[PDB]
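Student: Questions regarding the structure given below will be posed in turn.
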Amino acid sequence: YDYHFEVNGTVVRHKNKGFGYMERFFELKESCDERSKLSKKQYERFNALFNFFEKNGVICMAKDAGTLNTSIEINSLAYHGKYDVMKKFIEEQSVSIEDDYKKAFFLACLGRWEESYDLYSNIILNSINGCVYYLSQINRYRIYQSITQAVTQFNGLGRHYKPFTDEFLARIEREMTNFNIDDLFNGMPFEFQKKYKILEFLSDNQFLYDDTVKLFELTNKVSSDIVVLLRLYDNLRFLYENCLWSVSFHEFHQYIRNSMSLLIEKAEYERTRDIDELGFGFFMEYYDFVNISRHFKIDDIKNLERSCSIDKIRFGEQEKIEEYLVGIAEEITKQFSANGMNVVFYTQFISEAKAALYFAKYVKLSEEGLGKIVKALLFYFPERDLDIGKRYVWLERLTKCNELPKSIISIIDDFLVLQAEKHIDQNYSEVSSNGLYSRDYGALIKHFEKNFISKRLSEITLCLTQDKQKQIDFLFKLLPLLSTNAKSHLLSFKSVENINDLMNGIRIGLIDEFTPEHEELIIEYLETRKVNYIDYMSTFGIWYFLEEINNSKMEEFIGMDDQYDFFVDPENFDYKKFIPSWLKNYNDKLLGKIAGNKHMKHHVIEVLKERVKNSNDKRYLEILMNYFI
Amino acid sequence: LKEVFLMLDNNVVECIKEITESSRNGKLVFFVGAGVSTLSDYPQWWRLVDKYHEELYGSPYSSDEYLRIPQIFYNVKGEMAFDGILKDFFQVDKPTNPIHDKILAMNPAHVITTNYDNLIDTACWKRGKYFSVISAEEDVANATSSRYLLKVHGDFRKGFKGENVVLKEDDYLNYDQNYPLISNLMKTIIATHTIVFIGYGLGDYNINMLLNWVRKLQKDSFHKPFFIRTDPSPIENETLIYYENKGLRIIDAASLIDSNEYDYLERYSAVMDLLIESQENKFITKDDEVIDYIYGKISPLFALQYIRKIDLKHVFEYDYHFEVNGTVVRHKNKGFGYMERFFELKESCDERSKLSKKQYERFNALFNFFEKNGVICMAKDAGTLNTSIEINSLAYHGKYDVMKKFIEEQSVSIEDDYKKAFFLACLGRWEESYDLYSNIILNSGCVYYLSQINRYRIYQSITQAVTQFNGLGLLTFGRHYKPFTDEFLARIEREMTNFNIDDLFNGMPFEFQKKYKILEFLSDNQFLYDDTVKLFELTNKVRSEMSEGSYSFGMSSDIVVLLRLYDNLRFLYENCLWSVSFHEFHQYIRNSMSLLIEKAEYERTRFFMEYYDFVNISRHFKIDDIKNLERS
Amino acid sequence: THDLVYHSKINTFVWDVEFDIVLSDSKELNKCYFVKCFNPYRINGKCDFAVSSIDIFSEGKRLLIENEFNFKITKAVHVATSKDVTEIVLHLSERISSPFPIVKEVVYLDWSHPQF
């Protein structure tokens, strides 16, 4: 405690009352003339001292601070996700016990926890400065904790996996029975406990309590943002460059989640506060992208998107982010295209894999890279984590910064054709947690091209017969992609005889234009309902207002459904029967069409004004704000 | 084994108890004999005697013959021949038997052994334990670690030489002369620790020598060492009493289990495995025992006015989750559930009378503590849980005059001064607070530790205020205010210059460190860590709920934040800790309330303000903090 | 009713319940629920009007609604606690005046959309 060593590298005299050695050392560093006054032994010691301080980013005192450059550089293959390189490093024969320690962290990082536990046990045997011995004891206990946690997780949960043999599980329990990590530091040689007092915190259960409590300042509404960020980088560099397995535990991942989020929200608050007074902050880099990808869950990113506006946050080192994104997408191909899936390495990596591509919306990607991410996401991502419904959203997010070109369109077309290929089986059915299916991908291509025709799908459509019904109705959701010959061939398999077939046709996109026949079919259903008076009725009303129907014989059935007459004739509609709940069910196009009608507008703007004042509903407020309905 | 424990003799279970408590306390030492080494097929000394006999007379034993024939061989054949036979017999590799692993699994403070092999050494390295191995005179001074692996008879690390080891006669005769430091170290370890003899026969020479020295010690100045007897036959009753009076507490393996004559490994394991599995077991069976165990954990907390419920999981070593709503949930208690049994006695009045006369009043003290602290029952017995929040502290309620009068009264106990010092701090008389806290430290051990923490905290407050007043107080006030004289500043600087708050807990008697583990978090901001992590987690959860427009019917999500907020305020104020003035603690209170009001406003348009809520915002919010809420 | 959550972006209720319903064709379905998907930026056709797409699942499998889906609730069972909750569903069904009142889970596609 003789000095403060600030995160920007400035030393401050704190508590020492003797000679100022740190001030004297920096004077020796700046000018070389006094350096020659030292003895030869002290000259080489100063060079070693000078190397340590420049490598650790401690440059000078506070009062000599000038143009400070605090750029985070983590020299660790594990942090960058260089999965191939660490495999090669593990494969090579290790020269020294320091290389073994790096190997065991890499084995732990690659899901080979049994091998790292054996390696850490080996290092402990051969290492009795004794600093690697202590660090291996910390890491072996940490990996034993990870193995025990993974065994419990796997027993609770898609298929039954047994990554660790029960012989290995029984062995590590007998080696780690009644093992105290708390007594580890105290039982070390007294020379170690003096020289390496700063390593004691690794034996504690929690070591980021100080960093988490200091995060409270980021919520102050009255630099510090640089202090929290540099403190975060300090924790990352120490835990990764020194190869400590605690960097993969829940406490550290949550701490990065808390510190990164609060830094983002604080910068968001500063921007809005600035605009309030100035009337028109956080700049992410490659390391921030990795930190969000590795440590944030998809829900945690979602809490970020709703609270703040990351689209206002500018992303730097996009080629390094792209290299990270092409580098990660390569590993998915290795994990699933081949039989190289490591079930333990699976659990940790897929969460980072999902988060990186979800966060890849905000980064500009080159075409060659974008092909690799898209092809790895579309084809090689297992359906258990990213199903058909969620995968399009990951794919569709990449279009925010990268407007879909031809090459990516081909890949999605490849995906669509492969989706048609799996439909030869009648049992096969797409399972989506988002209510979102293969039709949405084709809509995306038609959105970005408006003229793309799927040749291979046309071949599959033309080959179709009446037998394989699962293929027929699947491609009816892909009608715009088919050619005219394929369109004519497919339409022969369905009929529009009764009203129900019309609704099925309108839902699957079988027909998009109303010939006069369906109007009569539309008309016939309504007279039956009118006769039987003493779901669809509201649906028909919208189509008349949307100019989908020009039969003009719609007013005969005015008086049954309050939504029907509300759409057929807004001028004559009574708005005391109006319910504000409808506007919540209406999409972008319909609400905008109501806004420009010049009828119904002042009534609904009054109902929306009443609702927000009485209830303060954000959906009502945003519906009123965006379209002025 | 669990069955074997069930009908274990009451004496053996008591013997198992004291061994286990010593192992937890870190003061267990194992005296390992040749029997454990023989289990690993190490060359027994009787075959060394046989070889020496063959090379002496040509044809192949009392107690002294084990010592005399090697001495005869050493005298007439020489040192080279004696060590030559030593090398070709003892230079072998042998695997460590599981008993070596089970000995280390007991976590012994030191390992004293008469074996000259390295079997314990390699067993220690495989396990990862670090022991400073001492087998010669110079190793005692050059020991690099507190933990000692004491080979009182030497070993062959220097070489397979007769001088390095105590093997023959004239080595046992001159043992005290050639090993004064090692013998002193062994006696010192035995005096200060609890000793378990394993691998030794009851008639072993070393056991008698140690029992001979023990009789010299005055009555009850030493702990009676523990002896693990692994002879195939059950110990005779008359022999047992003889050695118990000599000073040994004998645990007989042959009496514990039925075993074969030559199956020594099962005999050693049956006691080692029973010892190992008793580490987690609480020896908890009857209701009187259950109250006794819970009382031992809770009774030290009676010194404190209030305990945070989240802190109670540390008291019982993560056995349960103590929820802020007052519900107890099984977390890591694999043994008998004493908390369930405790509340079963609480709900059922008839079973309370079943308890003994002592355990009845101990339960009553536990009942008042658990009811005062807001611990009700388990989660599965939870009903409508509504607890009013109340803080019995004058500092919290702003009764400045009442606290001023309280200082004027004469103190009747040491807790009276401790409350007075906190009130002096809350009234800005930090000088009177500091020297008062100094007086409590002199006359004080719960109050001692808390006064030291508060004195350091008030010292930091004075130093910060002095720096402010010197640097900005002249400009802020228009006058250079001098509330503290340089004599006061110099004196508090001198005392607190070498004081470290981090080692204050570690620099305490082990009884304090185990009874008051929850108080260690007050040295730093670690006591706020769990609530800070929880607050950040629910804040994201609550804000996500408001963002999506969801409304939940039933329990309100911020009730965890609401209860944790008053858990810290009640703990810090009623215990009179100066942490209430922490900038970080103020931020924690400000963030918790701000989340509560935002959720209430979100729910209002779909919680109300009390006296306690008004004080929290008044004390812990800045003006810009309140303005932010009024905007939103 | 302790798991019951009201979403206000779509005036529906989230509840861990199943439904036994009969359509207008006397067909019976047992242990069925619904999931709603708020996707305001969906690439709509010329004839898509509703902001939410709903999938009906019975026996863990989604249904292809080829006919009219007018239906009445005959018995609603809360999954976590087997107490019959049908009376609450019908009471809630009348109030919200929206199609498919009680839904197993609502999926919000707005926050994940690139146009968000």
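Each chain in the structure tokens gets a letter, A, B and so on, in the order shown; residues start at 1 in every chain, and ligands are counted from 1 in the order they appear.
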Show me, as a PyMOL selection string, the residues that have an atom within 8 Å of residue C:70 when counting only C-alpha atoms, minus same-chain residues fewer than 2 positions from it.
Tutor: (chain A and resi 535) or (chain C and resi 23-24+68+72)
Student: Any chance you can output those residues with N, CA, C and O atoms as a PDB file, in the first residue's frame?
Tutor:
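out_30.pdb was written with the following content:
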ATOM      1  N   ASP A 535     -65.855 -15.833 -36.606  1.00  0.00           N
ATOM      2  CA  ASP A 535     -64.432 -15.519 -36.672  1.00  0.00           C
ATOM      3  C   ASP A 535     -64.107 -14.696 -37.911  1.00  0.00           C
ATOM      4  O   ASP A 535     -63.616 -13.569 -37.803  1.00  0.00           O
TER       5      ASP A 535
ATOM      6  N   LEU C  23     -64.673 -28.213 -31.629  1.00  0.00           N
ATOM      7  CA  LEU C  23     -64.946 -27.253 -32.689  1.00  0.00           C
ATOM      8  C   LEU C  23     -66.416 -27.351 -33.096  1.00  0.00           C
ATOM      9  O   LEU C  23     -67.231 -27.996 -32.433  1.00  0.00           O
ATOM     10  N   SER C  24     -66.768 -26.705 -34.207  1.00  0.00           N
ATOM     11  CA  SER C  24     -68.121 -26.747 -34.742  1.00  0.00           C
ATOM     12  C   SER C  24     -68.395 -28.023 -35.530  1.00  0.00           C
ATOM     13  O   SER C  24     -69.465 -28.148 -36.137  1.00  0.00           O
ATOM     14  N   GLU C  68     -62.422 -24.187 -40.311  1.00  0.00           N
ATOM     15  CA  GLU C  68     -62.715 -23.090 -39.401  1.00  0.00           C
ATOM     16  C   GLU C  68     -62.426 -23.524 -37.970  1.00  0.00           C
ATOM     17  O   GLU C  68     -62.802 -24.625 -37.556  1.00  0.00           O
ATOM     18  N   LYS C  72     -65.103 -24.008 -28.501  1.00  0.00           N
ATOM     19  CA  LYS C  72     -65.522 -23.710 -27.141  1.00  0.00           C
ATOM     20  C   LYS C  72     -64.677 -24.521 -26.171  1.00  0.00           C
ATOM     21  O   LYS C  72     -64.317 -25.667 -26.457  1.00  0.00           O
TER      22      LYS C  72
END
Student: Please determine the contact residues of chain C with respect to chain B at a cut-off of 8 Å, counting only C-alpha atoms, and supply them as a PyMOL selection string.
Tutor: chain C and resi 1-9
Student: Kindly assemble as a Markdown table a list of the chain A residues that lie within 7 Å of chain C, each paired with its nearest atom pair and their distance in Å to one decimal, using only C-alpha atoms, sorted first by chain and then by ascending residue number.
Tutor:
| residue | atom | partner | partner_atom | distance |
| --- | --- | --- | --- | --- |
| A:302 | CA | C:111 | CA | 6.9 |
| A:305 | CA | C:111 | CA | 6.8 |
| A:306 | CA | C:111 | CA | 6.5 |
| A:393 | CA | C:112 | CA | 6.9 |
| A:397 | CA | C:114 | CA | 4.9 |
| A:400 | CA | C:114 | CA | 5.3 |
| A:434 | CA | C:107 | CA | 6.2 |
| A:435 | CA | C:37 | CA | 6.2 |
| A:443 | CA | C:43 | CA | 6.6 |
| A:500 | CA | C:67 | CA | 5.9 |
| A:504 | CA | C:66 | CA | 6.2 |
| A:506 | CA | C:47 | CA | 7.0 |
| A:512 | CA | C:46 | CA | 6.6 |
| A:535 | CA | C:70 | CA | 6.8 |
| A:581 | CA | C:11 | CA | 6.9 |
| A:584 | CA | C:10 | CA | 5.9 |
| A:585 | CA | C:51 | CA | 5.1 |
| A:586 | CA | C:51 | CA | 5.0 |
| A:587 | CA | C:51 | CA | 4.3 |
| A:588 | CA | C:40 | CA | 6.4 |
| A:590 | CA | C:49 | CA | 6.2 |
| A:619 | CA | C:9 | CA | 5.5 |
Student: Quick one, how far is atom CA of residue B:474 from atom CA of residue B:428?
Tutor: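 We find that atom CA of residue B:474 and atom CA of residue B:428 lie 18.6 Å from each other.
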Student: Would you kindly report the residues of chain A within 6 Å of chain B, using only C-alpha atoms, as number ranges by chain?
Tutor: A: 125, 178, 189-190, 209, 222, 615
Student: Might you pull out every residue within 10 Å of residue B:179, with only C-alpha atoms counted and same-chain residues fewer than 5 positions away left off, and present them as a ChimeraX atom specification?
Tutor: /B:135-137,152-154,166,171,174,184-185
Student: For the selection you just gave me, I'd like the residues written to a file as a tab-separated table (two decimals), in the first residue's frame, keeping C-alpha atoms.
Tutor:
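Ended up saving to selection-v4.tsv:
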chain	number	residue	atom	x	y	z
B	135	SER	CA	14.00	-36.12	8.91
B	136	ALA	CA	17.28	-34.62	10.20
B	137	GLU	CA	18.45	-31.95	12.62
B	152	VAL	CA	11.36	-38.83	13.85
B	153	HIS	CA	13.52	-41.83	12.91
B	154	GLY	CA	14.96	-40.27	9.74
B	166	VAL	CA	17.30	-44.77	13.73
B	171	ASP	CA	20.42	-45.19	17.87
B	174	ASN	CA	21.46	-41.99	21.94
B	184	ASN	CA	11.56	-31.50	20.86
B	185	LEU	CA	9.49	-30.82	17.74
